[PDB]
Amino acid sequence: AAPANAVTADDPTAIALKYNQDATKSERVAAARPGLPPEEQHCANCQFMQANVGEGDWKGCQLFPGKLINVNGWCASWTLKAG
Ligand code: SF4
């Protein structure tokens, strides 16, 4: 079950960025974002994921203030975690 503050499918920014809480149900291949082959991309290896926010599989994303994403998710702003 998603937390009460999970990013949901009807969130305008989630629609615009094609977020899904399950990267296997995402369009990461189509987007071909740079940094890793697309099948390897998900929130856990994204620069915007905030490991000190949330709990368990539900963590922060800088782009979704006040919400939680799933570490196994993806959106089109995926960027390699470089630091
Ligand atoms: S920016 Fe990164 S951490 Fe945030 S939802 Fe998109 S892929 Fe996940």
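Residues numbered from 1 in each chain as written, not as in the entry; some residues may be left out. Heavy atoms only, no water.

For this entry, the PDB record names X-ray crystallography as the structure determination method and reports a resolution of 0.95 Å.

Keep this limit in mind: UniProt positions are given in the numbering used here, feature names are shortened, and annotations may be inferred rather than shown by experiment.
Where the PDB entry is consulted, the protein appears under the name High-potential iron-sulfur protein, with the organism given as Thermochromatium tepidum. The record held by UniProt for the protein lists under Subunit the comment "Homodimer." In its Sequence similarities section, the UniProt record describing the protein reads: "Belongs to the high-potential iron-sulfur protein (HiPIP) family."

1. Regarding the side chain of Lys59
Worth spelling out the cut-off: Counting from the N terminus, the helices are DSSP H or I runs at least four residues long and the strands are E runs at least two residues long. Think of it in three bands: with a 1.4 Å probe and only protein chains considered, a residue is buried below 20% of the maximum accessible area for its type, exposed above 50%, and partly exposed in between. The charged-residue count follows a simple rule in which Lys and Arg add positive charge and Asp and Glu add negative charge, with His and chain termini not counted at all. The term salt bridge refers to a pairing of a side-chain nitrogen on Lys or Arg with a carboxyl oxygen on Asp or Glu at a separation within 4 Å. Two N or O atoms count as a polar contact when they lie within 3.5 Å, although within protein this holds only if one can serve as hydrogen donor and the other as acceptor, and sequence-adjacent residues are included solely when both atoms are side-chain atoms. We call two residues in contact when some of their heavy atoms are within 4.5 Å.
Mapped onto the elements, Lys59 comes out in strand 2 (residues 58-61). Nearest to the buried, unbridged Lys59 among oppositely charged side chains is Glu55, at 7.9 Å. Within the local environment of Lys59, its side chain forms a polar contact with the backbone oxygen of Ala51, the two atoms lying 2.5 Å apart. Here the side chain of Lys59 touches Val53 through a polar contact of 3.0 Å, landing on its backbone oxygen. For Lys59, the residues in contact, after removing those within four places along its chain, are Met49, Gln50, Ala51, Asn52, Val53, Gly54, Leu68, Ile69 and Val71.

2. Considering the packing of aromatic side chains
Rules: Each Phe, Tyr or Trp ring, with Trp reduced to its six-membered ring, pairs with another whose centre is within 6.5 Å; inter-plane angles below 30 degrees give stacked pairs, above 60 give edge-to-face pairs, and intermediate values give tilted ones.
Scanning the entire structure with this criterion turns up one aromatic pair. On the numbers, 5.9 Å between centres and 50° between planes, the contact of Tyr19 with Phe64 is tilted. Separated by 45 residues along the polypeptide, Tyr19 in the loop between helix 1 (12-17) and helix 2 (28-31) and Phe64 in the loop between strand 2 and strand 3 (69-70) bring together distant segments of the chain. Here the two residues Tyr19 and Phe64 agree in accessibility, since each one is buried.

3. Regarding the environment of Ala6
Tracing the backbone through its elements, the reader meets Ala6 in the segment before helix 1. Classification of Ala6 by relative accessible area gives buried; the value is 9%. Taking C-alpha positions, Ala6 is 26 Å from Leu36, a pair spaced 30 residues apart along the chain.

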